[PDB]
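For reference, the chain that follows is the form deposited in one PDB entry, supplied as structure tokens.
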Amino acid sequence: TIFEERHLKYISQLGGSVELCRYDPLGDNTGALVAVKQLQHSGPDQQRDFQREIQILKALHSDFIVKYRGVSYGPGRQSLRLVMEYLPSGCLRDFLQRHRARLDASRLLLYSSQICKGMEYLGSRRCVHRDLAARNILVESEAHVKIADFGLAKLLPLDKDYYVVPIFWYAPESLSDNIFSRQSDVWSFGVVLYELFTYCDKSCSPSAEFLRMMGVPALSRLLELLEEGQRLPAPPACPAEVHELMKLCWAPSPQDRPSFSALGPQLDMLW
């Protein structure tokens, strides 16, 4: 929960910057691999942004949320970094593309259900994620996924249900009025269901398809297209039941969107 900087051996970059270090106190190259995050931008707003990320992760205890391992300790105030666990399989985006052939619909549904239970837990703690996408979900093992990237995550105050702060994961209210809530996370979840059932194929990615349907500023056009009720199409060979759930996640009004708690049993019955 307090890692010495001198023992954090740099290996490569993954992602503020997210690095792959080995926590090697012995200095022998046998220590555990860790995911270490730090901001390149110095400042009082940046320090607050990164302090907020740490406090959020430190109090999150789900099997479906990337494990916080601790904070760094080195020479100077500038040396402090966030230490999380490393998942060798990497992001679900790459994993889906590398292993298509062995990932069937029940498997995609098992991941969908786990992401959901994880999103359900985040709402429980009053946490809006703001960056829910396959690129931000990590593979723990064959039948296990975790939610990561808490850099844009905001905690909702006790007396409010929303927060005022790629465009293809944003809800219509986020696009027009920069309103973020658990209801906007659900919209992003529908795009995640879509990404999963497309195996994160680049040629039918939310971007490639929405831009195709699009053709004034690009954001306004997308928002016009969404206002009209146009949506991403059902992924090639997507079970119809799965596509209906995405269309509920994509309800124009936030009150109409199902809750994560409500979506959970639906994805479980589907397997």
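Numbers follow the displayed sequence, beginning with 1. Take the two forms, superpose them, and find the largest set of C-alpha atoms that agree within 1.5 Å; that set is the rigid core.
In summary, of the stretches 47 to 55 and 198 to 206, 47 to 55 shows the greater Cα distance from the shown form in 4 other deposited structures of this protein, with structures fitted on the rigid core.
Root mean square Cα distance to the shown form, taken over structures and residues in 4 other deposited structures of this protein after a core fit, is higher for 28 to 36 when 28 to 36 and 222 to 230 are compared. Where the other entries of this protein model the residues before and after it, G190 is kept in all of them rather than dropped from a third.
Of the other entries compared for this protein that flank it with modelled residues, all give atoms for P172, so not even a third lack it. Per the record, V165 and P166 are separated by 4 to 9 deposited residues that are missing from the model.
The deposited sequence places 4 to 9 unmodelled residues between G215 and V216.
A summary of the deposited B-factors shows that, of 177 to 185 and 72 to 80, the stretch with the larger mean C-alpha value is 72 to 80. Between the stretches 225 to 233 and 52 to 60, it is 225 to 233 that shows the larger average CA temperature factor.
The top Cα temperature factor in the record, among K160, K117, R93, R107, falls on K160. Within the listed group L39, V36, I65, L33, the record reports its top CA B-factor for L39. For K247, the recorded CA B-factor ranks within the middle third of the chain. Only modelled residues enter the ranking. In this PDB entry, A262 carries a Cα temperature factor that places it within the highest third of its chain's modelled residues. The deposited CA B-factor of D24 belongs to the middle third of values across its chain.
Omitted from view is the form deposited with a small molecule bound, to which the following refers.
Contact with the small molecule in the deposited bound form, judged by any heavy atom within 4.5 Å, is made by just one of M213, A59, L26, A32: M213. This chain is displayed alone, yet in the deposited bound form one of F180, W187, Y111, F197 has a heavy atom within 4.5 Å of the small molecule; that residue is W187. Note on the interface: of 187 to 195, 117 to 125, 73 to 81, 100 to 108, the segment with non-hydrogen atoms within 4.5 angstroms of the small molecule in the deposited bound form is 187 to 195. Interface residue remark: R231 is counted as part of the site for the small molecule in the deposited bound form, having a heavy atom within 4.5 Å. Looking at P206, you'd find a heavy atom of it within 4.5 angstroms of the small molecule in the deposited bound form. The closest heavy atom approach of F260 to the small molecule in the deposited bound form falls outside 4.5 Å. At least one heavy atom of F168 is located within 4.5 Å of the small molecule in the deposited bound form.
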